[PDB]
Structure formats: structure tokens, C-alpha cells
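So this first bit is one chain, no partners, the form deposited in one PDB entry, shown in C-alpha cells.
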């Protein structure tokens, strides 16, 4: 839990650093935002593969065996994450935009808490550092988009900073649903990957960003 709360904390702090950077920019070209959003997606796609799905299968394979039942648990968990996020998809229009940002961060918060529930830092940290590396440009992104739709930059940062609070919260949620029983871990692993692939598939020069984020994550998986 503590390793997970500190993991979400690093995620909050990193969102803050990117949000505070918007104080100076205030506005960027569309392409640069699209670059940053391809980069952040790229991270998420690769981390839900190399940090959740493939470690979940191994987690599953030792609890239940090398057979297809272990892959069945993680894939079923993964499908339930998609349905979860699909279900969650439901000028007084700022609020509707920030719920999106809040819903985006719910998987990333759980992912951190799920990756730590067994303590294996060879799963918690590559993922957590992967999530926090991409919260800088996303924090930045959230703040600029909030400003682009009409808030003063100070409010925009403020809301963007507050938005990162979903990562400490969601890390708690993730440690919870992954600790009740031994299958919960690989299921939860598939679930967070499922949730996270959704928002990437549903939320969205950008493929330069995407490759970057995907090559970067692979680099992180090797080294951490």
C-alpha cells in the first residue's frame, strides 16, 4: 500500500510539474499537443502490454499453472476492464471535459496500485515511472486544453493539478481489488490493462509521439 501510495504520489507530482509548465506556455501549436498525446498514448499502450498483461500471465501461470487457464484469467480480467470503462462512458461544458480527464486517470491510478500489490518492484517501478513520465506532458496538455476552452491559465493549472489527485486515489482502489485472493492479482492486472487500452483506443506527428512512447517503454521494461 505504502509503495503504491508513493507510486500514485509520484504520479500526482508529475502531473503537477506538467500543469505548472503551462503557466509559461499558455498556448501551443495543435501539432505539438498532438505530438504529446501520441507520446502519452504510446507509453500507455506499451506499459499495459509489457508491464501488465505479460507480467499478469506469469503471475497467473504460477498460481494456476502454465496451462491456458492462466491466460484465460488475465484475458477475462482484461475484457472486464473494457466493459468497466465502456460502462463508465456516461458553458456548463467545462465540467464534462474534466470528468473525461478524471475518467482517463482512473485506470492509470489502479495500474500503479495493482503493479505493487505483491511488492515486486520489478513490476511496480517500470510501470510507475512509465506512468509518471507521461503525466508531465498530459498535465501540460490538460491545463492547455482547459485554457483553450475558456479558463484563465491559473484556474486551468489548478484544475489540472487537482486532476492528478485521481492517481493516489486510484492506486488505493488498485491495491484493494488485487489483494482479496490470489487470483485477484492477475485478474486485476488484466483489468487495468483492459481499462487503459480502452481510454487510449477511445480517447484518440502523433505516431512519431506514439512510437517514441512505445520505444521508450520498451527501453524502461528492459532496464527496470
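Numbering follows the first chain given and starts at 1. Take the two forms, superpose them, and find the largest set of C-alpha atoms that agree within 1.5 Å; that set is the rigid core.
Enquirer: Can you tell me how many deposited residues have no coordinates between residue 215 and residue 216? The categories are none, 1 to 3, 4 to 9, and 10 or more.
Expert: In the record, the chain runs straight from residue 215 to residue 216 with none unmodelled.
Enquirer: Can you count, per the entry, how many deposited residues between residue 90 and residue 91 come without coordinates? Answer none, 1 to 3, 4 to 9, or 10 or more.
Expert: The entry has 10 or more unmodelled residues between residue 90 and residue 91.
Enquirer: Mean C-alpha B-factor higher for 172-180, or for 38-46?
Expert: If you average the C-alpha B-factors of 172-180 and of 38-46, the larger mean comes out for 172-180.
Enquirer: State which stretch shows the higher mean Cα B factor in the entry: 138-146 or 123-131.
Expert: Looking at the recorded C-alpha B-factors, 123-131 comes out higher on average.
Enquirer: Among 117, 80, 153, 110, where is the Cα temperature factor highest, going by the PDB entry?
Expert: That would be 117.
Enquirer: Comparing against every modelled residue in the chain, figure out the third that the C-alpha B-factor of residue 57 lands in (lowest, middle or highest).
Expert: Residue 57: CA B-factor falls in the middle third of its chain.
Enquirer: Residue 86's Cα B-factor: lowest, middle or highest third of the chain?
Expert: Residue 86: CA B-factor falls in the highest third of its chain.
Enquirer: Taking only the Cα B-factors deposited for this chain, tell me whether residue 160 sits in the lowest, middle or highest third.
Expert: Lowest third of the chain for residue 160's C-alpha B-factor.
Enquirer: Within this chain's modelled residues, let me know which third the CA B factor of residue 30 belongs to: lowest, middle or highest.
Expert: Its C-alpha B-factor belongs to the highest third of this chain's values.
Enquirer: Please say which third, lowest, middle or highest, residue 210 falls into when its CA temperature factor is compared across its chain.
Expert: CA B-factor rank for residue 210: middle third.
Keep in mind that the form deposited in another entry is missing from the display, and what follows is about it.
Enquirer: Once the two forms are fit on the core, has residue 53 moved its CA by at least 2 Å between the shown form and the other one?
Expert: For residue 53, whose C-alpha is compared between the shown form and the other one after core superposition, the shift is less than 2 Å.
Enquirer: Would you say whether residue 113 is displaced between the shown form and the other one, judging by a C-alpha shift of 2 Å or more on the superposed rigid core?
Expert: The answer is no; the displacement is under 2 Å.
Enquirer: Taking the rigid core as the superposition reference, indicate whether the CA of residue 72 shifts 2 angstroms or more between the shown form and the other one.
Expert: The answer is no, as the C-alpha of residue 72 shifts between the shown form and the other one by less than 2 Å after core alignment.
Enquirer: Please say whether the CA atoms of residue 33 and residue 133 come closer or move farther apart in the other form, knowing the change relative to this form is 3 Å or more.
Expert: Closer, not farther.
Enquirer: Could you tell me whether residue 51 and residue 104 have their C-alpha atoms closer or farther apart in the other form than in the shown form, knowing the shift is 3 angstroms or more?
Expert: Farther apart, by at least 3 Å.
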